[PDB]
Amino acid sequence: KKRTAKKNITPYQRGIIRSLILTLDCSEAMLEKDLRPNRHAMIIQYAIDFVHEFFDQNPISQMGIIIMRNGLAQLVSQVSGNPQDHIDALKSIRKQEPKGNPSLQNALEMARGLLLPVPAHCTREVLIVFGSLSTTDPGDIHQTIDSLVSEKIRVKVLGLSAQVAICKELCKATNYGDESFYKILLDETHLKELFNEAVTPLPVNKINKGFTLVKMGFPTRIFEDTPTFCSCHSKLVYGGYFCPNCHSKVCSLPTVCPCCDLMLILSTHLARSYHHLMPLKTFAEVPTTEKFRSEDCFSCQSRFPXXXXXXXXXXXXXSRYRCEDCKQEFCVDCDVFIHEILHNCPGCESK
Amino acid sequence: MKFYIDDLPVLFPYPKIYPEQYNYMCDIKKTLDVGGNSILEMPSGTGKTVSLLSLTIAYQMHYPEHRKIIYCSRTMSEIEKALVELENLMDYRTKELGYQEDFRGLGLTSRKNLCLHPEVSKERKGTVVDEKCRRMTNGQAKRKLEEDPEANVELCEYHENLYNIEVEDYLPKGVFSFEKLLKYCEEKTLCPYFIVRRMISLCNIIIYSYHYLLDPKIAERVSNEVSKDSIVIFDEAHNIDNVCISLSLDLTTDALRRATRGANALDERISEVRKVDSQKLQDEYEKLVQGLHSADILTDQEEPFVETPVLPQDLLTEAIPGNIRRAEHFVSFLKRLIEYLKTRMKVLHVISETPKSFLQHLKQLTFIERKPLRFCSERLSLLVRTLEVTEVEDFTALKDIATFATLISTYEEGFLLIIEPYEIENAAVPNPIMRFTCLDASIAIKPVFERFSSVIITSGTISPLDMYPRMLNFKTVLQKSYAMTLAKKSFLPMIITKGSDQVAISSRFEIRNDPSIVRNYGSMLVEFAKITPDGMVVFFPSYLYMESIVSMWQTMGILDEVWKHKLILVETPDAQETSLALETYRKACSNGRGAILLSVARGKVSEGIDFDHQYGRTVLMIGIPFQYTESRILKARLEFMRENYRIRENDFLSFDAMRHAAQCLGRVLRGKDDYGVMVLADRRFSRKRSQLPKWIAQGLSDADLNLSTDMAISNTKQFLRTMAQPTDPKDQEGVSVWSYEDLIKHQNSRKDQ
Ligand code: SF4
Ligand SMILES: [Zn+2]
Ligand SMILES: [Zn+2]
Ligand SMILES: [Zn+2]
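For the record, the sequence lines run as chains 6 and 0.
With the entry's author numbering as the guide, the letters of the first sequence map in order to residues 107 to 457.
With the entry's author numbering as the guide, the letters of the second sequence map in order to residues 1 to 245, 247 to 754.
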């Protein structure tokens, strides 16, 4: 009655400052009806949610879009920080329809240049949503794959209802051999979290360069809405932040400094991570007889957690998934939820 | 690993291990001790070779008695397959248990592969390769090299320097696979063709084509060191029968005519030399008048011109060829021969002649005698040996006559000569085929089989295990069919008896286009071509039969659509083009974009090559293979086969097609990592479920019977999707992958009964 990601073992290192380029196949292959309007629509559909979902857990990570039609790599959205720009770029395409084959080889190389500008710390990383069963590669590939590795470009693909060796090779090679990234869905619902699991950072057993100090500053809000002006959109922004150093206005964002070129976040963006940094050991289910704790949830307050002797119901499930490190109990949904939304183990918080 | 089979450490080189392998080795060792023949169905989807070599190597090095090993292979591909295999097992043997091994073993393949001197290495035909590599180091030519070293003498030059250093003991210790051997011998300038030829005398394990064990003219130099009683391994020998049929002999009259002039060229040669240097020829007569001249009728260090088409230098006699002792007597009767043959050449219709029936008939139309008839070859052999000719292509034909003569002198009543007046394919033209053929495989099998009781045979596709003991009459012990153990799908078989229109699809109907089937077949192919990722092959019952399908499909709009998805590669009759094409097909499969290949089950592709995961994900058996496209050759052979053995053509027929049908499929899987889809496309397969190799039919489920395309495509559609999941339980694999040194300890301690 359990399927648990046993140990939260980075254990000490995960890739926070990310630079993810999402690439989508846009081919007639995407026009087959396994998915309702097509795969392609559900894709762009499921892509949309992803963006916030991404930017939610990653308010510090640039991102851009690529489509693959007519055997062509065709950037749609410059890699940037705002979600909305990215977000809108989809719907536009979402109505348009794919044409011609997918040229994977075109894809990566356009990325390979695309991911060059980002700093060293930024995880240079790509994600693929392949739809076809083969490719149309204008040039070599096995050589091309290697070039990625030379650039330390992790990749990950979301295979369609099949497996193709080359990408299966691609992930394996590009994740320094150690592979898990060639996931291909078997069910649509799987695809849902398939995006969601892509949200988090992604080390396993890493090699360690010099991970340096990251210079950055913090802006401060303004008051006079009338005095509107701007310095990144040059519009009349009612009034916003100011560089701690450049000391110039900026449209509200976690943006970089359009005046003296540095990263400017608040802090919450940092805070948004830390649950990614040190997550929690799962709350453990309890014995069918040994619990004998209060007849009321701790986190929540639900009287049950058992059934007070109900033949094949009370002994059926010790509804007492409970924490170890604080050794205090917890409700069913609570542990479902405290592991989900806010992590912050209450029992382990208060002692 | 290093465990016990109740008597022997098992220096297993693969940490993970499969229960069948032990189930395998357990039985063969049992068979190893108490001599037997006792074939074994072994699903090669696992490592059968390691399972073999594991038991063997220790058993050689554990017990003291049998210091030699004989492992016979279908082809050099098998050779090189096994060569690297043992080498790493052998290398693992040094890594884990020091070095107490002193074991060397290698395989001879040919001149053409092993002729390292670039001259004939450029040249193609092995006989010419045989001719010049002879002329490289030939008894006359080496005498031309030693007695009269001249510009007419060209050589590999290695067999000299090889002889300089090599022939006192081996190169140091390696089981030098061609990868290792071809380089290593190049550096020290060796054509290892002679390295092994001398090393014949040394190695404790050997590997070569069944011919080298069965082709008597090459399987002649059998020595007690190389043979006496050691262990025999026949791997993938499901098709051994057809190999024994070796004693095949058909008569290209056109080549035969060239032989006549070659005979005259000989006739002129002997006459002209008897004019000039007849004394040593008379001395050869004196080398003849003594008796058999065993000194140089058998021993020739680089000379022997004609091979021994007879069994390995046994079926001969000693009484001289009477008069023919005089070559002029001898030359004359040879002309009697060809002319008799030439006389027999132009029979209006097909005529089948049993040897004895033909025997006096020879004497009838020309009073020749059988006793000289065998003597021809050696008498010829010395004759050309005495005259150091500049070519053999003429004389190949000549010796073939002698070879024919010897053969027809040799055997009877199990063998027969038939002359169709032509090839009926383009009938009513002059091209008669004085075909004299073997009929019983076992006869050629008997001798080597007679020698040693440590005889072992196994293919990945032996089915059924009865015909071979039936056909060869041989005395087996145990024949166990090995159910492949799977805790998972691991592959998919399918049967398409009918299409979407439920129209039964076949090939026995004709070699022609019942347009329903092929139009149905375009669909079948294309939808599959769509669904699978790269790597897919199809097989056809016959080349030109396939040609029909293609041509019509080419006309239809079928091909272009699949051209959209995958890449297409046909099979060719020539090997060269094929050989090129194949590697590309590998490259496309290895590369991203999908591809597809077509060939024929009887084809050389189906015989040697192998298909892994990317290289093969789906196969297709278009139709059920058959051969009565051809003539009584089988039937006349069937006569003896059927009249003696309680076998009907169908018995032979229905099995042998399967003997070739699954023969393709075994290549589809290499490691238990791999998987694939195996479809069958013919109505009659439904009746044919009961002839498969056991592990196949076990892998075959009932509901897959007489599937149509629609029902088929779903299962693959899932199976592909399903298998593509990282289906890694990593816990139930204890039973199926036998927790290493522990569960084999555990379960076989529990399997102690
Ligand atoms: S001498 Fe050696 S290398 Fe040269 S042709 Fe003969 S076998 Fe080949
Ligand atoms: Zn602005
Ligand atoms: Zn600034
Ligand atoms: Zn806690």
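Note that the Cβ used here is the ideal one computed from N, Cα and C, for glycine as well.
Test: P534 (chain 0) CB closer than 7 Å to a CB of chain 6: Contact with chain 6 is found for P534 (chain 0), since one of that chain's Cβ atoms lies less than 7 Å from the residue's Cβ.
If contacts are defined as beta-carbon pairs under 8 Å, then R660 (chain 0) and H159 (chain 0) qualify, I think. What distance do you get, rounded to the angstrom? 41 Å between Cβ atoms; not a contact.
Of the choices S737 (chain 0), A428 (chain 0) and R633 (chain 0), whose alpha-carbon is the least far from that of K489 (chain 0)? Answer by Cα proximity: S737 (chain 0).
Chain 0 contact for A111 (chain 6) (CB, 7 Å cutoff): With 7 Å as the cut-off, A111 (chain 6) does not count as an interface residue toward chain 0.
Taking only beta-carbon positions, decide if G593 (chain 0) is within less than 7 Å of chain 6. It does: the Cβ of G593 (chain 0) has a partner Cβ on chain 6 nearer than 7 Å.
Where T438 (chain 0) falls: helix, strand or coil (DSSP): Strand at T438 (chain 0).
Which residues in chain 6 sit within 8 Å of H566 (chain 0), going by Cβ to Cβ distance? Under the 8 Å cutoff, chain 6 gives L239 and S240.
Residue interval of the alpha helix (DSSP H) (run including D131 (chain 6)): Looking at the DSSP string, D131 (chain 6) is not in any alpha helix (DSSP H); the run it does join, the beta strand (DSSP E), is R124 to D131.
Can you check whether the C-beta of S209 (chain 6) is within less than 7 Å of a C-beta belonging to chain 0? So, not an interface residue.
With distances taken Cα to Cα, identify the nearest neighbour of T388 (chain 6) among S408 (chain 6), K397 (chain 6) and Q434 (chain 6). Considering only alpha carbons, the answer is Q434 (chain 6).
Using 10 angstroms around the beta-carbon of residue 246 (chain 0), count the other beta-carbons present and answer buried if the total reaches 16, otherwise exposed. Not modelled: residue 246 (chain 0), which lies between 245 and 247, the two residues flanking a gap in chain 0.
Give a single yes or no on whether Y193 (chain 0) has its beta carbon closer than 6 Å to a heavy atom of ligand 1. Correct: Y193 (chain 0) has its Cβ closer than 6 Å to ligand 1.
Burial state of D235 (chain 0) (16 or more Cβ within 10 Å): By the neighbour-count definition (other C-beta atoms within 10 Å, threshold 16), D235 (chain 0) is a buried residue.
Less than 6 Å separating the Cβ of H449 (chain 6) from some heavy atom of ligand 2? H449 (chain 6): no, Cβ never under 6 Å from ligand 2.
Ligand 1 heavy atoms versus the CB of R221 (chain 0): any closer than 6 Å? The answer is no for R221 (chain 0).
Taking buried to mean at least 16 other C-beta atoms within 10 Å of its own C-beta, is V430 (chain 0) buried or exposed? Exposed, by the Cβ-count rule.
Using three-state DSSP, classify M485 (chain 0) as helix, strand or coil. It is coil, neither helix nor strand.
Three or more C-beta pairs below 8 Å linking the segment 363-375 of chain 6 and the segment 154-163 of chain 6: No, the segment 363-375 of chain 6 is not in contact with the segment 154-163 of chain 6.
Let me know if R262 (chain 0) comes out buried or exposed under the rule of 16 or more other beta-carbons within 10 Å of its beta-carbon. Only exposed fits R262 (chain 0), as fewer than 16 other CB atoms lie within 10 angstroms of its CB.
Just the C-alpha distance for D169 (chain 0) and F194 (chain 0), rounded to the nearest angstrom, thanks. Within the model, the alpha-carbon separation for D169 (chain 0) versus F194 (chain 0) is close to 13 Å.
Closer than 9 Å by beta-carbon distance: list the chain 6 residues that pair up with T723 (chain 0), in chain order. Against chain 6, a Cβ distance below 9 Å from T723 (chain 0) picks out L292.
Taking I271 (chain 0) as part of the alpha helix (DSSP H), name the residues at either end of that continuous run. For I271 (chain 0), the enclosing alpha helix (DSSP H) begins and ends at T254 to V277.
Residues sharing a beta bridge with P494 (chain 0), DSSP: According to DSSP, which records beta bridges pairwise, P494 (chain 0) is partnered with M679 (chain 0).
Output the residues surrounding ligand 2, defined as those with a CB atom closer than 6 Å to any ligand heavy atom, in chain order. Listed by chain position, these are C336 (chain 6), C338 (chain 6), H339 (chain 6), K341 (chain 6), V343 (chain 6) and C357 (chain 6).
Complete alpha helix (DSSP H) runs within the segment 284-328 of chain 6 (minimum length 4 residues, chain order): Counting only runs of 4 or more, we get 294-305.
Neighbouring residues, chain 6, relative to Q615 (chain 0) (Cβ below 7 Å): Within 7 Å Cβ-Cβ: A271.
Would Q503 (chain 0) be called buried (16 or more neighbouring beta carbons within 10 Å of its own) or exposed? By the C-beta density criterion, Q503 (chain 0) is exposed, having fewer than 16 other C-beta atoms within 10 angstroms.
Chain 0 contact for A268 (chain 6) (CB, 7 Å cutoff): For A268 (chain 6), the answer is yes, since a Cβ of chain 0 falls inside 7 Å of its Cβ.
Hey, which unbroken runs of the beta strand (DSSP E) at 3 residues or more fall wholly within the segment 417-469 of chain 0? Counting only runs of 3 or more residues that sit fully inside the segment 417-469 of chain 0, the beta strand (DSSP E) segments are 434-439 and 456-459, in chain order.
Hey, is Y616 (chain 0) close to ligand 1, as in C-beta under 6 Å from one of its heavy atoms? Because no heavy atom of ligand 1 lies under 6 Å away, the Cβ of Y616 (chain 0) does not count as near it: no.
What are the residues that DSSP puts in a beta bridge with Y4 (chain 0)? Partner(s): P9 (chain 0).
Spatial distance of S73 (chain 0) from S51 (chain 0) (CA atoms): One C-alpha to the other measures close to 16 Å.
With 7 Å as the C-beta to C-beta threshold (strictly closer), list the residues of the segment 189-214 of chain 6 near chain 0 in chain order. Residues of the segment 189-214 of chain 6 whose Cβ lies closer than 7 Å to any Cβ of chain 0, in chain order: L210.
At which residues does the beta strand (DSSP E) containing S337 (chain 6) begin and terminate? From DSSP, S337 (chain 6) is part of no beta strand (DSSP E); its letter is neither H nor E.
Chain 6 beta carbons: is any one of them nearer than 7 Å to that of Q726 (chain 0)? At a cut-off of 7 Å between beta-carbon atoms, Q726 (chain 0) makes contact with chain 6.
Could you give the DSSP three-state label for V332 (chain 0): helix, strand or coil? Correct three-state label for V332 (chain 0): helix.
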